[PDB]
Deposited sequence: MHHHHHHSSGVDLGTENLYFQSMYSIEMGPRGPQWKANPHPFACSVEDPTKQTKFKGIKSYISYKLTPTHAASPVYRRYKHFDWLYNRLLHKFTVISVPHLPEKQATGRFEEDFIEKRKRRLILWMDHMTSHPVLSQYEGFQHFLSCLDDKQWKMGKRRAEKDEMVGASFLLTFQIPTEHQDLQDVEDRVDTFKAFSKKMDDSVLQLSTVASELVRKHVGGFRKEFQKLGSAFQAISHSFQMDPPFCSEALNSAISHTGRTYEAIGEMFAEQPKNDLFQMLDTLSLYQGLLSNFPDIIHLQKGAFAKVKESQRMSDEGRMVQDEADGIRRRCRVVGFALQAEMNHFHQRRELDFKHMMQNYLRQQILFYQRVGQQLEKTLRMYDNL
């Protein structure tokens, strides 16, 4: 036809991406690993390798200037961690109103024949560098008429994204330390205690007619119990901390896109003030300076729609992150207590 046109609509939070009219989701599952991808809109599953993921990712970066594109996991439990984060990546892709409609993404998810695969790759390599469309569905209010008010919005988001990048990094660092603290210090303390309870028991077995075999076994049971709890601490991060880190990792990449995204838009804001001022001196034509203004305005709404979409996904993802972490901790400490109440019952006899 002509070109794809992404729409920006007004909403409760202000400018937002109009939803994908043809929504879908995609599951990721299983010396070359070919991940089995099953999108909702396809009749047959699709097998793609990280190499193919990396191809698409590079295509996305060159295509979308104002949109934050989710980062892939490292190129180099690495295998398991990769799949968890490819899933998180995929979900963020499918739930993004613009990224989910990208033709290169569609070719990535639908193409079966390998002969058509090569063609569809080169076909997506000539678009981009075509930048964007961004039609605006609503009518421009009197509040958004000043690009100054829009630029002030961008500045507050920059400062926000800076401290969020700090808090996320700090939390991700703390979590990774807890993992080692769980495999190390936590396990060690419970195992020194259990080893001590075993030492007490062994000493109590050195006088056969004057010692109770029941008590000596109970204390010995508590010894093995605490030594088993130590192993529970060591095996716990895989249930709660790992998934939290995966979530934080997703937002490391999203937040890392913003510095450049914001830099571009502030450059457009300066180009507007420059073009207009130059048009006031007489060294610039007015209608050309008008085109700069109106274009900067439209992509300003796009950015506003993206920051809006970021907050929307953030609130969903962080809610589920805290919930999932706490539910597991609750389970973990419940399991701990049951071990203790199991070994306490040994002393009833």
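Chemist: Against the full deposited sequence, which stretches does the structure leave out?
Modeler: Absent from the structure are positions 1-18, 49-59, 106-112, 386.
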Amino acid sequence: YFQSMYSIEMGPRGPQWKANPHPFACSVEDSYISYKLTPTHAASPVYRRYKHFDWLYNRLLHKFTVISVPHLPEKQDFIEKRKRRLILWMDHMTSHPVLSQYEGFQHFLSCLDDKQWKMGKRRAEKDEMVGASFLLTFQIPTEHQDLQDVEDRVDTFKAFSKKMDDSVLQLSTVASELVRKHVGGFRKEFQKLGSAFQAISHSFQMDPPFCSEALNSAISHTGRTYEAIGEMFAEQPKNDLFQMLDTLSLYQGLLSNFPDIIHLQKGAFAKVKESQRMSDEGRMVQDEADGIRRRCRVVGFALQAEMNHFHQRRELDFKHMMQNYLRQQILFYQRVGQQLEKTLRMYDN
From here on, numbers count along this sequence of modelled residues.
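Chemist: Going by the mean C-alpha B-factor recorded in the entry, which is higher: 39-47 or 282-290?
Modeler: Per the deposited B-factors, the answer is 282-290.
Chemist: Regarding 155-163 and 125-133, which shows the higher C-alpha temperature factor on average in the entry?
Modeler: The entry gives the higher C-alpha B-factor average to 125-133.
Chemist: Between 336, 10, 330, 25, where does the Cα B-factor run highest in the record?
Modeler: Comparing C-alpha B-factors across 336, 10, 330, 25, the top value belongs to 10.
Chemist: Just grab whichever of 275, 191, 243, 100 has the top CA B-factor as deposited.
Modeler: The listed residue with the largest C-alpha B-factor is 275.
Chemist: Would you check the entry's CA temperature factor for residue 89 and let me know if it's in the chain's lowest, middle or highest third?
Modeler: CA B-factor rank for residue 89: lowest third.
Chemist: Taking only the Cα B-factors deposited for this chain, tell me whether residue 225 sits in the lowest, middle or highest third.
Modeler: Tercile = middle for this residue's CA B-factor.
Chemist: Within this chain, which third does the Cα B-factor at residue 184 fall in: lowest, middle or highest?
Modeler: Residue 184: CA B-factor falls in the middle third of its chain.
Chemist: In terms of the CA temperature factor given in the entry, to which third of its chain does residue 318 belong: lowest, middle or highest?
Modeler: As the PDB entry reports it, the C-alpha B-factor of residue 318 lands in the lowest third of its chain.
Chemist: Test of reading the entry: by CA B factor among the chain's modelled residues, which third contains residue 31?
Modeler: According to the entry, residue 31 has a C-alpha B-factor in the chain's highest third.
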